[PDB]
Participant: 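Have a look at the structure that comes next, please.
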Amino acid sequence: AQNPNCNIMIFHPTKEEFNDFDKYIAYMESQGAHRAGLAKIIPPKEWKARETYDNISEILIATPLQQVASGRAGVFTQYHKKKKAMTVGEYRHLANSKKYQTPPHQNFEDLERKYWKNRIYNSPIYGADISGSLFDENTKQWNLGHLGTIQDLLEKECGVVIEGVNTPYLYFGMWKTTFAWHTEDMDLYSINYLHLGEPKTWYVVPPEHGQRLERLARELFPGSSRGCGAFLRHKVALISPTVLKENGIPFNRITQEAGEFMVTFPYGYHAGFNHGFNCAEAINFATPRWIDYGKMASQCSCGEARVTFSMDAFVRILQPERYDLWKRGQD
Ligand SMILES: O=C(O)CNC(=O)C(=O)O
Ligand SMILES: [Mg+2]
Ligand code: NI
Ligand SMILES: [Zn+2]
């Protein structure tokens, strides 16, 4: 069995290996990369996502989200308070302001310590989930707007044609902006490219141990757990590495820098934070190996998780028993 300790693997494809996206994912899995839940891919030196980032300031963040925390430093939830629209240039200036800018620090580890000590005492503003792409149309390799669609994969594997579309999303971050512990919708893969700016630190639980993290979360968030049998689908709960170590939960950590891709694998729980002003692009995708995970994915039916149009068909075809209850949650 490859990668039996479930370590995060880092890959350096050549320009020739970067041509065929599906084939490279399957290669990484042949080496055990999925066992970690997360892998890093450093593009060949010849590759670029676009020519420059000099002309992005007029992108609109229609609904910036202020991430307000409650709890204790290592165990907290966050809610998202909607703020007035602002452009990317306005948001960058805000991120760089004395109130929001990254503090002086020695290295990534010192910054990680400061994040976990102090996060809860501040409310950073995140431009998340903005439909669009920063890949140049002429970039043919690993262009997250040109991937094979999940609807086409389901049709190729299972024969059933379904409605829905699959497009990428932009994230504009600042110091302390936070992504809560989650797996993807329908336990899909994700791919995330950090286009510019400061790093993103990730934490991940191996898929084979995801139920250990769920059982800890039910203990640490007991009201939320009574409200919903899949409350981590709400994407609001944070648990620190120190607390994970105290409770014996297997995990790994890694820092992504600008110009690097991260892939999350089916049922790989992940969480993390941004070091400073940055912009990332991400999308979900599927492979043949996903289908079995999609069929077994938990679902939120309490009303909180509310998701895209395209998840309807996935539930309807892969989980027909759950469909009626899940759809009530959506309505
Ligand atoms: O970058 C972020 O805020 C969150 N991204 C992801 O959870 C991802 O790419 O799967
Ligand atoms: Mg612009
Ligand atoms: Ni994710
Ligand atoms: Zn729920």
Side-chain angles (χ1 to χ4, degrees), residues 5-6 8 35-38 65-81 109 111-124 126 128-129 173 175-188 190 200-214 216-244 246-255 264-274 293 296-305 307 326 329:
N5 281 358
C6 300
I8 299 168
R35 298 198 55 186
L38 185 64
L65 304 173
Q66 177 167 53
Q67 304 187 294
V68 180
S70 297
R72 61 181 177 101
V75 181
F76 63 91
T77 60
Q78 58 187 12
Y79 85 90
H80 292 168
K81 181 173 175 169
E109 172 165 359
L111 195 70
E112 181 183 41
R113 180 193 66 72
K114 285 177 189 291
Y115 173 85
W116 294 103
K117 184 181 162 57
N118 301 318
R119 160 69 185 96
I120 63 168
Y121 302 110
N122 296 88
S123 298
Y126 207 173
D129 291 316
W175 171 233
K176 286 170 173 171
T177 53
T178 304
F179 52 110
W181 280 105
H182 70 283
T183 62
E184 304 304 307
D185 288 344
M186 220 70 186
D187 298 343
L188 284 158
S190 65
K200 185 189 298 287
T201 293
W202 300 67
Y203 305 91
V204 60
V205 173
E208 70 201 65
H209 302 302
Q211 293 88 358
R212 298 185 182 219
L213 182 67
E214 292 173 352
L216 178 64
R218 292 191 300 271
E219 296 162 2
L220 295 178
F221 303 99
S224 292
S225 178
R226 289 186 285 274
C228 180
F231 75 95
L232 292 178
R233 300 279 168 208
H234 308 167
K235 310 193 296 179
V236 302
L238 281 300
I239 305 162
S240 77
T242 294
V243 174
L244 294 178
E246 285 168 345
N247 289 275
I249 307 304
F251 77 91
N252 282 300
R253 75 192 85 192
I254 194 168
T255 300
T264 82
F265 293 86
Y267 199 58
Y269 273 103
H270 54 284
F273 64 90
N274 297 303
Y293 290 86
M296 299 183 301
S298 61
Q299 303 301 351
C300 168
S301 309
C302 77
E304 284 300 311
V307 304
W326 173 80

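Heads up: numbering here begins at 1 and tracks the sequence. Quick note: numbers below take in every heavy atom, side chains included, and nothing from hydrogens, waters or symmetry partners.
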Participant: I need the minimum non-hydrogen distance between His270 and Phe179, along with the two atoms involved.
Facilitator: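 Scanning both residues completely, I find the closest heavy atoms to be CD2-CE1, 3.9 Å.
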Participant: Which atoms form the tightest heavy-atom contact between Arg218 and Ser225, and what is the distance?
Facilitator: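 Scanning both residues, the minimum pair turns out to be CG-OG, 3.2 Å.
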Participant: Using side-chain hydrogen bond (donor to acceptor under 3.5 Å, both in side chains) as the criterion, list what pairs up with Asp187, not counting sequence neighbours.
Facilitator: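 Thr183, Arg233.
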Participant: Mind running side chain to side chain contact (heavy atoms under 4.5 Å, CB included) on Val243 and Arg72 for me, showing each step along the way?
Facilitator: CA-CA 11 Å; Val243 174; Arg72 61 181 177 101; 4.1 Å; yes
Participant: Please test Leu65 against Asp129 for side chain to side chain contact (heavy atoms under 4.5 Å, CB included), starting from the C-alpha separation and ending with a verdict.
Facilitator: CA-CA 10 Å; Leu65 304 173; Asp129 291 316; 5.6 Å; no
Participant: Any non-hydrogen side-chain atom of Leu38 less than 4.5 Å from a side-chain atom of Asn252?
Facilitator: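 When only atoms from C-beta onward are counted, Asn252 and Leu38 do not touch, as no gap falls below 4.5 Å.
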Participant: Atom CH2 in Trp326, atom SG in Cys300: separation rounded to 0.5 Å?
Facilitator: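 Going from CH2 on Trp326 over to SG on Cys300, the span is 10.5 Å.
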Participant: Contact between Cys228 and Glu304 at the side-chain level, heavy atoms closer than 4.5 Å - yes or no?
Facilitator: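 Sidechains of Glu304 and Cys228: no contact.
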Participant: So which heavy atom on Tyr269 is nearest to which on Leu232, and how close?
Facilitator: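 Result for this residue pair: CE2-CD1, 3.6 Å.
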Participant: Side chains of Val236 and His80: does their closest heavy-atom pair fall under 4.5 Å?
Facilitator: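 They are not in contact (no side-chain heavy atoms under 4.5 Å apart), so the answer is no.
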Participant: Kindly compute the distance separating CD (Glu109) from CZ (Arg253), expressed to the nearest 0.5 Å.
Facilitator: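 If we round to the nearest 0.5 Å, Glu109:CD and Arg253:CZ are 8.5 Å apart.
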Participant: I need the minimum non-hydrogen distance between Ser190 and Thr264, along with the two atoms involved.
Facilitator: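 It is OG-OG1, 2.7 Å.
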Participant: Quick one: pull up NZ in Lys117 and OH in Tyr115 and give me the separation to the nearest 0.5 Å.
Facilitator: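 Answer rounded to 0.5 Å: 15.0 Å.
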Participant: Name all residues meeting the side-chain hydrogen bond (donor to acceptor under 3.5 Å, both in side chains) criterion together with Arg113; count only those two or more places apart in sequence or in a different chain, and write none if there are none.
Facilitator: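 Expected list: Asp110.
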Participant: So how far is it from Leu238 CG to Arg119 CZ, rounded to the nearest 0.5 Å?
Facilitator: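 These two atoms lie 7.0 Å from each other.
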Participant: Take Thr177 and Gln67, measure what side chain to side chain contact (heavy atoms under 4.5 Å, CB included) needs, and give me the verdict at the end.
Facilitator: CA-CA 7 Å; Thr177 53; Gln67 304 187 294; 3.6 Å; yes
Participant: Is it true that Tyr293 and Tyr267 have ring centroids separated by less than 6.0 Å?
Facilitator: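 Centroid separation for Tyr293 and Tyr267: 6.0 Å or greater.
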Participant: Using distance alone, with no hydrogens and no angle criterion, decide if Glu184 and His182 have a side-chain donor and acceptor under 3.5 Å apart.
Facilitator: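 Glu184 vs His182: donor-acceptor pair found between side chains.
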Participant: With rounding to the nearest 0.5 Å, note down the distance linking NE2 in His209 to CD in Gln211.
Facilitator: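 The CD atom of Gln211 is 10.0 Å from NE2 of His209, to the nearest 0.5 Å.
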Participant: Hey, are the side chains of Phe221 and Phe231 touching, using non-hydrogen atoms and a 4.5 Å cut-off?
Facilitator: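 Yes, their side chains come closer than 4.5 Å.
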Participant: Between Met296 and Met186, is a side chain to side chain contact (heavy atoms under 4.5 Å, CB included) present by the stated rule, with each step listed?
Facilitator: CA-CA 8 Å; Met296 299 183 301; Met186 220 70 186; over 6 Å; no
Participant: Do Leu213 and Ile239 have side-chain heavy atoms sitting under 4.5 Å apart?
Facilitator: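 A side-chain contact under 4.5 Å exists here.
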Participant: So how far is it from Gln78 CD to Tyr126 OH, rounded to the nearest 0.5 Å?
Facilitator: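 Nearest 0.5 Å value for the CD-OH distance: 10.0 Å.
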Participant: Using residues 201-208 as the side-chain source, report each donor-acceptor pair under 3.5 Å to any protein atom, sequence neighbours left out, with the distance given to one decimal.
Facilitator:
from, atom 1, to, atom 2, distance (Å)
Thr201, OG1, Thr255, OG1, 2.8
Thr201, OG1, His275, NE2, 2.8
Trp202, NE1, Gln256, OE1, 2.9
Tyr203, OH, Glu112, OE2, 2.6
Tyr203, OH, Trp116, NE1, 3.0
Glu208, OE1, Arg35, NE, 3.2
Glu208, OE1, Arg35, NH2, 3.3
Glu208, OE2, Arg35, NH2, 3.4

Participant: In the structure I gave you, are the side-chain heavy atoms of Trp181 and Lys235 within less than 4.5 Å of one another anywhere?
Facilitator: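 Counting from C-beta outward, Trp181 and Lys235 never come under 4.5 Å.
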Participant: Evaluate the side-chain proximity of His234 to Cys302: yes if any heavy-atom separation is below 4.5 Å, no if none is.
Facilitator: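 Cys302 vs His234: side chains touch.
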Participant: Any side-chain heavy-atom pair from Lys200 and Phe273 closer than 4.5 angstrom?
Facilitator: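 No - every pair of side-chain heavy atoms lies 4.5 Å or more apart.
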